[PDB]
Amino acid sequence: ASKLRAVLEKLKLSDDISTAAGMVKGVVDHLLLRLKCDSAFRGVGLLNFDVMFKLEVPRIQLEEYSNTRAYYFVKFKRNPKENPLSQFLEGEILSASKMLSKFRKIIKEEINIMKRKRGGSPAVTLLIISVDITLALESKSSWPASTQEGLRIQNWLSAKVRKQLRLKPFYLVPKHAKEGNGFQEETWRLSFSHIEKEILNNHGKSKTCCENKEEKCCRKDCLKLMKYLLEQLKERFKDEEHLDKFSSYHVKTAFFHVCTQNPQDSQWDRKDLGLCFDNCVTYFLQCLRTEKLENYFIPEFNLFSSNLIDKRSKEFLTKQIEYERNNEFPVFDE
Ligand SMILES: Nc1nc(=O)c2ncn([C@@H]3O[C@@H]4COP(=O)(O)O[C@H]5[C@@H](O)[C@H](n6cnc7c(N)ncnc76)O[C@@H]5COP(=O)(O)O[C@@H]3[C@@H]4O)c2[nH]1
Ligand SMILES: [Zn+2]
């Protein structure tokens with residue numbers, strides 16, 4: 001626990017943000033106005049680095065692509081008078097690739113530097129400090145059926161809170177599902193990143209959790225230490241390529257499942273940081289070992305499927321995390 005707090009303090013040194021928070025916001029506010037000048041993106045807005053540009057399209061018709069519960073076709077009638085989105089249409093299907101092409105195009109045309117990310121990234125990444133800008137369609141309708149059994153927060157947060165969250169919009173990002181050989185350029189993937197950030201900043205059973213010195217839980221610390229553990233092993237195994245499929249979103253997903261398993265705030269008492277971090281570490285090990293990491297909002301989408309991450313990669317990380325646990329986490333030294 002002394003080492004774990006030493007790492008958190010080592011990760012706390014990074015006031016560079018207060019000046020860099022006003023830096024990236026200047027660029028986002030710029031591209032937010034120039035994009036509003038294009039007919040197709042007049043009506044784009046900031047959702048509430050990883051940035052999300054939302055664009056509400058009324059009466060979006062969704063069609064679950066294949067049997068995957070997360071990727072969808074966006075059906076859209078051409079007829080709506082003066083449609084600025086007709087350039088992205090192919091019959092009834094609203095192409096995710098086409099809209100992302102022109103979205104990337106306009107951003108690149110604004111000079112006042114990008115680099116394509118690995119195959120499938122729905123974002124536009126701008127280096128200056130690194131930024132991620134993702135286009136997202138906004139639907140104010142009910143969440144798709146694949147999310148019916150997701151968001152298992154009833155015993156942690158309230159059932160009251162789940163009903164409120166599921167009344168909020170959901171989003172689709174131009175992340176395409178793979179056809180094995182290549183991708184399906186028309187499909188979008190669901191995104192609940194706005195809900196993800198609500199449950200992280202309002203994370204306790206008590207509404208006043210972390211609002212006073214009596215109720216300082218260590219939930220955020222455990223996720224920080226979980227994210228940092230994966231970041232460090234991936235850096236040491238940089239040229240390994242076995243850890244390239246594992247991202248901090250896997251860690252975040254696993255952390256959410258542990259929160260559902262430990263709903264009480266006394267299970268995250270900061271007097272037990274080492275024990276709470278170990279709960280996160282062991283649950284993530286079972287996920288690798290059983291090859292199962294359900295999406296928190298889409299239960300039947302397995303992030304640890306062999307279709308996405310091979311069995312060799314999962315066991316390789318299992319060996320490394322088991323080592324780090326068995327030796328008081330040496331990667332947290334210095
Ligand atoms: N800024 C940003 N927002 C996204 O939603 C997103 N989704 C993917 N990516 C990047 O595209 C590439 C393709 O990975 P793939 O999609 O096949 O598996 C992805 C994806 O299935 C899943 N995932 C990541 N972010 C999300 C997310 N917000 N919602 C659901 N699933 C996600 O975890 C895997 C690894 O993600 P990252 O390694 O952090 O960056 C990925 C990756 O480099 C994203 N980048
Ligand atoms: Zn708390």
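Position 1 is the first residue of the sequence; numbering continues from there. All heavy atoms count here, side chains included; hydrogens, waters and symmetry mates do not.
At most 12 non-hydrogen atoms from other residues, nucleotides or ligands lie less than 6.0 angstrom from CD of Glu300. Crowding of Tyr249 atom OH: a count of heavy atoms from other residues, nucleotides or ligands under 6.0 Å exceeding 12. Atom CG of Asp15 has 12 or fewer neighbouring heavy atoms from other residues, nucleotides or ligands inside a 6.0 Å radius. Taking a 6.0 Å sphere around CD of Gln148, one finds it holds more than 12 heavy atoms contributed by other residues, nucleotides or ligands. Annotation for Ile128: atom CD1 counts as buried by contact number, over 12 foreign heavy atoms lying within 6.0 Å. Counted within 6.0 Å of NZ on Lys245, heavy atoms from surrounding residues, nucleotides or ligands total 12 or fewer; the atom is thus considered open. For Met23, the CE atom sits in a loose shell: 12 or fewer heavy atoms of surrounding residues, nucleotides or ligands are nearer than 6.0 Å. Around atom CG of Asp38, more than 12 heavy atoms belonging to other residues, nucleotides or ligands sit under 6.0 Å away.
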| field | Stepwise side-chain hydrogen bond (donor to acceptor under 3.5 Å, both in side chains) check, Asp310 with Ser313 | value | CA-CA 6 Å; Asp310 40 328; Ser313 295; 3.0 Å; yes

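Ring-centre distance between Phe255 and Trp268: below the 6.0 Å cut-off. Ring pair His250/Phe284: centre-to-centre distance not below 6.0 Å. The aromatic ring centres of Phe170 and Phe297 sit 6.0 Å or more apart. Between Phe192 and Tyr296, the ring center distance fails the sub-6.0 Å criterion.
Put simply, the side chain of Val28 reaches to within 4.5 Å of the side chain of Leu46, judged on heavy atoms. Side-chain contact between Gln264 and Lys205 is present, with at least one heavy-atom pair separated by less than 4.5 Å. Counting only heavy atoms from C-beta outward, the side chains of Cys276 and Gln267 never approach each other to under 4.5 Å. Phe76 has its side chain within reach of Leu85: a pair of non-hydrogen atoms, C-beta onward, lies under 4.5 Å apart. Taking the side chain as every heavy atom from C-beta outward, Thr253 and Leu303 approach each other to under 4.5 Å. Annotation: side chain of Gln154 is not in contact with side chain of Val161 (no heavy-atom distance under 4.5 Å).
For the pair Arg289 and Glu322, the salt-bridge criterion is met [side-chain N within less than 4.0 Å of a carboxylate O]. Checked for salt-bridge contact, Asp29 and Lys25 meet the test: a charged N lies under 4.0 Å from a carboxylate O. Salt-bridge formation is detected for the pair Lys252/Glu196: a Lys NZ or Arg NE/NH1/NH2 atom is positioned less than 4.0 Å from an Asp or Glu carboxylate oxygen.
Checked options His30, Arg34, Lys36; the residue passing with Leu32 is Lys36 (criterion: side chain to side chain contact (heavy atoms under 4.5 Å, CB included)). Across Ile195, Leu190, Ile298, a single residue satisfies side chain to side chain contact (heavy atoms under 4.5 Å, CB included) together with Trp143, and that is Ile195.
Ring geometry, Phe329 versus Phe277: the interplanar angle falls from 30° to 60°, so the pair is classed tilted. Ring orientation note: the planes of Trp156 and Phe256 are tilted relative to one another, at an angle of 30° to 60°.
Cluster membership for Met52 and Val27, using ILVMFWY side-chain heavy atoms within less than 4.5 angstrom, is not shared. The hydrophobic cluster containing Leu275 does not contain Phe332, counting ILVMFWY residues as joined when their side-chain heavy atoms lie under 4.5 angstrom apart, directly or transitively. With hydrophobic clusters built from ILVMFWY side chains whose heavy atoms lie under 4.5 angstrom apart, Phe237 shares a cluster with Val251. The hydrophobic clustering, which links ILVMFWY residues whose side-chain heavy atoms are closer than 4.5 Å, places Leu31 and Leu127 apart. Criterion: ILVMFWY side-chain heavy atoms under 4.5 Å apart, direct or through other members. Under it, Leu288 and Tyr323 are not part of a common hydrophobic cluster.
A donor and an acceptor atom, one from each side chain of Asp269 and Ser266, are nowhere located under 3.5 Å apart. Using a 3.5 Å distance cut-off with no hydrogens or angles, the side chains of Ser95 and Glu186 do not pair a donor with an acceptor. With no hydrogens or angles considered, a side-chain donor-acceptor pair links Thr208 and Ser206 at under 3.5 Å. A donor atom on one side chain and an acceptor atom on the other are found under 3.5 Å apart for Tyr72 and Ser146.
Pairs engaging residues 159-176 under the side-chain hydrogen bond (donor to acceptor under 3.5 Å, both in side chains) rule: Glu138-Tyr171, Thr147-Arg166, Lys168-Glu198 [sequence neighbours left out].
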